[PDB]
file input.pdb (PDB, C-alpha atoms (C1' of nucleotides))
ATOM      1  CA  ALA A1811     110.643  92.916  45.254  1.00  0.00           C
ATOM      2  CA  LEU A1812     112.435  89.590  45.604  1.00  0.00           C
ATOM      3  CA  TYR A1813     115.670  91.338  46.567  1.00  0.00           C
ATOM      4  CA  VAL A1814     113.752  93.275  49.216  1.00  0.00           C
ATOM      5  CA  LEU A1815     112.326  89.993  50.495  1.00  0.00           C
ATOM      6  CA  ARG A1816     115.753  88.369  50.732  1.00  0.00           C
ATOM      7  CA  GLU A1817     117.098  91.481  52.459  1.00  0.00           C
ATOM      8  CA  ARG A1818     114.104  91.440  54.807  1.00  0.00           C
ATOM      9  CA  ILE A1819     114.737  87.810  55.744  1.00  0.00           C
ATOM     10  CA  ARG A1820     118.440  88.604  56.062  1.00  0.00           C
ATOM     11  CA  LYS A1821     117.616  91.391  58.515  1.00  0.00           C
ATOM     12  CA  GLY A1822     115.382  88.953  60.383  1.00  0.00           C
ATOM     13  CA  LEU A1823     118.398  86.718  60.843  1.00  0.00           C
ATOM     14  CA  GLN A1824     120.864  89.561  61.710  1.00  0.00           C
ATOM     15  CA  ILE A1825     123.284  88.331  59.006  1.00  0.00           C
ATOM     16  CA  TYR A1826     123.031  91.427  56.795  1.00  0.00           C
ATOM     17  CA  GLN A1827     126.225  91.831  54.793  1.00  0.00           C
ATOM     18  CA  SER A1828     126.603  95.633  54.582  1.00  0.00           C
ATOM     19  CA  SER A1829     127.384  95.714  50.845  1.00  0.00           C
ATOM     20  CA  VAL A1830     125.986  98.435  48.563  1.00  0.00           C
ATOM     21  CA  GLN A1831     126.570  98.749  44.810  1.00  0.00           C
ATOM     22  CA  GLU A1832     126.145 102.554  44.725  1.00  0.00           C
ATOM     23  CA  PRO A1833     128.076 104.529  47.399  1.00  0.00           C
ATOM     24  CA  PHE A1834     126.283 106.948  49.738  1.00  0.00           C
ATOM     25  CA  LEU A1835     126.075 110.736  49.415  1.00  0.00           C
ATOM     26  CA  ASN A1836     129.133 111.764  51.403  1.00  0.00           C
ATOM     27  CA  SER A1837     130.703 115.242  51.323  1.00  0.00           C
ATOM     28  CA  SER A1838     132.959 114.255  48.365  1.00  0.00           C
ATOM     29  CA  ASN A1839     130.209 112.759  46.171  1.00  0.00           C
ATOM     30  CA  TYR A1840     127.992 115.788  47.057  1.00  0.00           C
ATOM     31  CA  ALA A1841     129.316 117.339  43.834  1.00  0.00           C
ATOM     32  CA  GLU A1842     128.094 114.349  41.808  1.00  0.00           C
ATOM     33  CA  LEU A1843     124.679 114.537  43.522  1.00  0.00           C
ATOM     34  CA  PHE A1844     123.290 116.202  40.417  1.00  0.00           C
ATOM     35  CA  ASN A1845     124.477 115.711  36.827  1.00  0.00           C
ATOM     36  CA  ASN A1846     121.976 116.814  34.143  1.00  0.00           C
ATOM     37  CA  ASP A1847     119.856 114.052  35.737  1.00  0.00           C
ATOM     38  CA  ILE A1848     116.262 114.293  37.012  1.00  0.00           C
ATOM     39  CA  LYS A1849     116.253 113.732  40.788  1.00  0.00           C
ATOM     40  CA  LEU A1850     114.175 114.059  43.907  1.00  0.00           C
ATOM     41  CA  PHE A1851     115.021 114.537  47.558  1.00  0.00           C
ATOM     42  CA  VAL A1852     112.965 113.425  50.600  1.00  0.00           C
ATOM     43  CA  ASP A1853     112.751 114.201  54.324  1.00  0.00           C
ATOM     44  CA  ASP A1854     110.227 112.642  56.745  1.00  0.00           C
ATOM     45  CA  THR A1855     111.328 114.544  59.883  1.00  0.00           C
ATOM     46  CA  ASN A1856     108.348 116.870  60.291  1.00  0.00           C
ATOM     47  CA  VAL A1857     105.572 114.442  59.350  1.00  0.00           C
ATOM     48  CA  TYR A1858     104.607 113.629  62.943  1.00  0.00           C
ATOM     49  CA  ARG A1859     104.803 116.827  65.035  1.00  0.00           C
ATOM     50  CA  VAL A1860     103.181 116.985  68.481  1.00  0.00           C
ATOM     51  CA  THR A1861     101.548 119.448  70.891  1.00  0.00           C
ATOM     52  CA  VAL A1862     102.620 118.391  74.351  1.00  0.00           C
ATOM     53  CA  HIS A1863      99.754 119.312  76.693  1.00  0.00           C
ATOM     54  CA  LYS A1864      98.844 118.306  80.249  1.00  0.00           C
ATOM     55  CA  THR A1865      96.001 115.995  81.189  1.00  0.00           C
ATOM     56  CA  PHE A1866      93.589 115.648  84.065  1.00  0.00           C
ATOM     57  CA  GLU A1867      95.609 112.662  85.418  1.00  0.00           C
ATOM     58  CA  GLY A1868      98.719 114.909  85.292  1.00  0.00           C
ATOM     59  CA  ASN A1869     100.784 112.885  82.800  1.00  0.00           C
ATOM     60  CA  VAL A1870     101.626 114.158  79.316  1.00  0.00           C
ATOM     61  CA  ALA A1871      99.319 113.649  76.336  1.00  0.00           C
ATOM     62  CA  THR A1872     100.785 113.883  72.886  1.00  0.00           C
ATOM     63  CA  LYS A1873      98.502 115.240  70.158  1.00  0.00           C
ATOM     64  CA  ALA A1874      99.364 115.332  66.466  1.00  0.00           C
ATOM     65  CA  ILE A1875      99.795 118.584  64.530  1.00  0.00           C
ATOM     66  CA  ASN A1876      99.779 119.155  60.787  1.00  0.00           C
ATOM     67  CA  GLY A1877     103.154 118.318  59.216  1.00  0.00           C
TER
ATOM     68  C1'   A B   1      71.770 131.014 152.450  1.00  0.00           C
ATOM     69  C1'   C B   2      68.513 126.996 150.229  1.00  0.00           C
ATOM     70  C1'   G B   3      65.554 125.630 145.306  1.00  0.00           C
ATOM     71  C1'   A B   4      65.474 126.198 140.462  1.00  0.00           C
ATOM     72  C1'   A B   5      66.635 127.878 135.535  1.00  0.00           C
ATOM     73  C1'   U B   6      70.449 130.257 131.762  1.00  0.00           C
ATOM     74  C1'   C B   7      75.700 130.846 130.410  1.00  0.00           C
ATOM     75  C1'   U B   8      81.132 129.789 130.547  1.00  0.00           C
ATOM     76  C1'   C B   9      85.067 126.875 132.006  1.00  0.00           C
ATOM     77  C1'   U B  10      87.597 122.551 134.521  1.00  0.00           C
ATOM     78  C1'   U B  11      87.688 116.962 136.222  1.00  0.00           C
ATOM     79  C1'   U B  12      85.990 112.329 134.881  1.00  0.00           C
ATOM     80  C1'   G B  13      82.519 109.081 131.395  1.00  0.00           C
ATOM     81  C1'   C B  14      81.687 108.487 126.045  1.00  0.00           C
ATOM     82  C1'   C B  15      85.865 107.846 121.684  1.00  0.00           C
ATOM     83  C1'   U B  16      82.372 111.239 119.318  1.00  0.00           C
ATOM     84  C1'   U B  17      86.134 111.634 110.742  1.00  0.00           C
ATOM     85  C1'   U B  18      89.827 107.535 115.735  1.00  0.00           C
ATOM     86  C1'   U B  19      94.453 102.036 110.850  1.00  0.00           C
ATOM     87  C1'   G B  20      89.129  97.278 107.422  1.00  0.00           C
ATOM     88  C1'   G B  21      92.419  90.897 104.557  1.00  0.00           C
ATOM     89  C1'   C B  22      96.333  87.036 102.824  1.00  0.00           C
ATOM     90  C1'   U B  23     100.756  85.404 100.465  1.00  0.00           C
ATOM     91  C1'   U B  24     108.079  84.291  99.402  1.00  0.00           C
ATOM     92  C1'   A B  25     108.256  91.407 104.794  1.00  0.00           C
ATOM     93  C1'   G B  26     104.141  88.976  98.273  1.00  0.00           C
ATOM     94  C1'   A B  27     108.767  90.109  95.217  1.00  0.00           C
ATOM     95  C1'   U B  28     113.122  93.441  93.239  1.00  0.00           C
ATOM     96  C1'   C B  29     115.906  98.230  94.340  1.00  0.00           C
ATOM     97  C1'   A B  30     118.462 101.818  88.890  1.00  0.00           C
ATOM     98  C1'   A B  31     123.177 103.930  83.884  1.00  0.00           C
ATOM     99  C1'   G B  32     120.956 107.433  80.957  1.00  0.00           C
ATOM    100  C1'   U B  33     120.204 112.015  77.413  1.00  0.00           C
ATOM    101  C1'   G B  34     117.546 116.237  74.681  1.00  0.00           C
ATOM    102  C1'   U B  35     113.207 118.289  73.485  1.00  0.00           C
ATOM    103  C1'   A B  36     108.588 119.791  75.391  1.00  0.00           C
ATOM    104  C1'   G B  37     105.270 120.558  78.979  1.00  0.00           C
ATOM    105  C1'   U B  38     103.982 121.060  83.885  1.00  0.00           C
ATOM    106  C1'   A B  39     104.972 122.386  88.787  1.00  0.00           C
ATOM    107  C1'   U B  40     108.523 123.853  92.091  1.00  0.00           C
ATOM    108  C1'   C B  41     112.935 126.577  92.927  1.00  0.00           C
ATOM    109  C1'   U B  42     115.856 130.539  93.594  1.00  0.00           C
ATOM    110  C1'   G B  43     117.538 134.814  92.261  1.00  0.00           C
ATOM    111  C1'   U B  44     116.138 139.699  89.227  1.00  0.00           C
ATOM    112  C1'   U B  45     114.382 144.615  88.591  1.00  0.00           C
ATOM    113  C1'   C B  46     110.915 148.183  89.364  1.00  0.00           C
ATOM    114  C1'   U B  47     106.265 149.937  90.820  1.00  0.00           C
ATOM    115  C1'   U B  48     103.112 151.474  94.724  1.00  0.00           C
ATOM    116  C1'   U B  49     101.585 149.793 100.146  1.00  0.00           C
TER
END
call {"tool": "encode", "arguments": {"input": "input.pdb", "output": "structure tokens"}}
result
Amino acid sequence: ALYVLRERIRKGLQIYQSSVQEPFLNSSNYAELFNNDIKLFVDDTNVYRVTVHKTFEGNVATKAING
RNA sequence: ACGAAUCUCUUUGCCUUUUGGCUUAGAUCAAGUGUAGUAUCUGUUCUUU
């Protein structure tokens, strides 16, 4: 929590040193994604989907769909 | 032919849906995309009129 806080403040001051301990999932480390180790994977892309429909005024009105 | 009434048009008269403020003209004139919608395009074919 405290690290998050410091990082938050750091972001607030645009001084964020881009330094990570664990490297990202690139195409090479893709192999070592999984390794007899319990994992989970998350995507939030289709949480907020929208029906674009016209209005009386003529402009667009976005309405939420199930996601 | 004169008088009158009815109708149509033309000339004029009437403006009869006929401009309802002020400021520094009140101020400033852009660099966008994909996705969707909407309208508008244009072609495109065929049908029968």
call {"tool": "resolve_selection", "arguments": {"input": "input.pdb", "expression": "the PyMOL selection byres ((chain A) within 9 of (chain B))", "output": "ChimeraX atom specification"}}
result
/A:1861-1864,1868-1870
call {"tool": "residues_around", "arguments": {"input": "input.pdb", "residues": "range 1815-1818 of chain A", "least_positions_apart": "4", "cutoff": "12 Å", "atoms": "only C-alpha atoms (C1' of nucleotides)", "output": "ChimeraX atom specification"}}
result
/A:1811,1822-1830
call {"tool": "axis_aligned_box", "arguments": {"input": "input.pdb", "around": "range 28-39 of chain B", "padding_each_side": "5 Å", "output": "lines of an AutoDock Vina configuration file"}}
result
center_x = 113.6
center_y = 107.9
center_z = 83.9
size_x = 29.2
size_y = 38.9
size_z = 30.9
call {"tool": "atom_distance", "arguments": {"input": "input.pdb", "atom1": "CA of residue 1813 in chain A", "atom2": "CA of residue 1854 in chain A"}}
result
24.2 Å
call {"tool": "atom_distance", "arguments": {"input": "input.pdb", "atom1": "CA of residue 1875 in chain A", "atom2": "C1' of residue 33 in chain B"}}
result
25.0 Å
call {"tool": "build_atoms", "arguments": {"input": "input.pdb", "residues": "range 1832-1849 of chain A", "atoms": "N, CA, C and O atoms", "output": "JSON list (two decimals), in the frame of the given file"}}
result
[["chain", "number", "residue", "atom", "x", "y", "z"],
["A", 1832, "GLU", "N", 125.96, 101.10, 44.82],
["A", 1832, "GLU", "CA", 126.14, 102.55, 44.72],
["A", 1832, "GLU", "C", 126.57, 103.12, 46.08],
["A", 1832, "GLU", "O", 125.88, 102.89, 47.08],
["A", 1833, "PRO", "N", 127.70, 103.86, 46.14],
["A", 1833, "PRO", "CA", 128.08, 104.53, 47.40],
["A", 1833, "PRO", "C", 127.10, 105.62, 47.85],
["A", 1833, "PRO", "O", 126.30, 106.11, 47.05],
["A", 1834, "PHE", "N", 127.20, 105.99, 49.12],
["A", 1834, "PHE", "CA", 126.28, 106.95, 49.74],
["A", 1834, "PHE", "C", 126.69, 108.37, 49.37],
["A", 1834, "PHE", "O", 127.81, 108.61, 48.91],
["A", 1835, "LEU", "N", 125.77, 109.31, 49.58],
["A", 1835, "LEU", "CA", 126.08, 110.74, 49.42],
["A", 1835, "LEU", "C", 126.89, 111.20, 50.61],
["A", 1835, "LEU", "O", 126.33, 111.56, 51.65],
["A", 1836, "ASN", "N", 128.20, 111.14, 50.46],
["A", 1836, "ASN", "CA", 129.13, 111.76, 51.40],
["A", 1836, "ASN", "C", 129.51, 113.15, 50.89],
["A", 1836, "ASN", "O", 129.11, 113.54, 49.79],
["A", 1837, "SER", "N", 130.29, 113.88, 51.68],
["A", 1837, "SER", "CA", 130.70, 115.24, 51.32],
["A", 1837, "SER", "C", 131.50, 115.35, 50.01],
["A", 1837, "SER", "O", 131.47, 116.40, 49.36],
["A", 1838, "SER", "N", 132.21, 114.29, 49.63],
["A", 1838, "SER", "CA", 132.96, 114.26, 48.36],
["A", 1838, "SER", "C", 132.03, 114.06, 47.16],
["A", 1838, "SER", "O", 132.12, 114.81, 46.19],
["A", 1839, "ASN", "N", 131.16, 113.06, 47.25],
["A", 1839, "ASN", "CA", 130.21, 112.76, 46.17],
["A", 1839, "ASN", "C", 129.06, 113.77, 46.06],
["A", 1839, "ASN", "O", 128.32, 113.77, 45.07],
["A", 1840, "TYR", "N", 128.90, 114.62, 47.09],
["A", 1840, "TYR", "CA", 127.99, 115.79, 47.06],
["A", 1840, "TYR", "C", 128.00, 116.55, 45.73],
["A", 1840, "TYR", "O", 126.95, 116.95, 45.25],
["A", 1841, "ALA", "N", 129.18, 116.74, 45.16],
["A", 1841, "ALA", "CA", 129.32, 117.34, 43.83],
["A", 1841, "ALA", "C", 128.50, 116.55, 42.82],
["A", 1841, "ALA", "O", 127.61, 117.09, 42.15],
["A", 1842, "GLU", "N", 128.77, 115.25, 42.75],
["A", 1842, "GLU", "CA", 128.09, 114.35, 41.81],
["A", 1842, "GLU", "C", 126.69, 113.92, 42.24],
["A", 1842, "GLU", "O", 126.14, 112.97, 41.68],
["A", 1843, "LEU", "N", 126.12, 114.58, 43.26],
["A", 1843, "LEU", "CA", 124.68, 114.54, 43.52],
["A", 1843, "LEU", "C", 123.92, 114.65, 42.21],
["A", 1843, "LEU", "O", 123.24, 113.71, 41.79],
["A", 1844, "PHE", "N", 124.10, 115.79, 41.56],
["A", 1844, "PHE", "CA", 123.29, 116.20, 40.42],
["A", 1844, "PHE", "C", 124.19, 116.28, 39.19],
["A", 1844, "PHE", "O", 125.33, 116.74, 39.29],
["A", 1845, "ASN", "N", 123.68, 115.81, 38.05],
["A", 1845, "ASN", "CA", 124.48, 115.71, 36.83],
["A", 1845, "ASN", "C", 123.62, 115.61, 35.56],
["A", 1845, "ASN", "O", 123.52, 114.55, 34.94],
["A", 1846, "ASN", "N", 123.03, 116.74, 35.17],
["A", 1846, "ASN", "CA", 121.98, 116.81, 34.14],
["A", 1846, "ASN", "C", 120.95, 115.67, 34.23],
["A", 1846, "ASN", "O", 120.42, 115.20, 33.22],
["A", 1847, "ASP", "N", 120.65, 115.25, 35.47],
["A", 1847, "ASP", "CA", 119.86, 114.05, 35.74],
["A", 1847, "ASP", "C", 118.69, 114.42, 36.64],
["A", 1847, "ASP", "O", 118.89, 115.04, 37.68],
["A", 1848, "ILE", "N", 117.48, 114.04, 36.23],
["A", 1848, "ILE", "CA", 116.26, 114.29, 37.01],
["A", 1848, "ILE", "C", 116.28, 113.52, 38.34],
["A", 1848, "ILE", "O", 116.43, 112.29, 38.37],
["A", 1849, "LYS", "N", 116.15, 114.27, 39.44],
["A", 1849, "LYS", "CA", 116.25, 113.73, 40.79],
["A", 1849, "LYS", "C", 115.11, 114.19, 41.66],
["A", 1849, "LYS", "O", 114.33, 115.07, 41.28]]
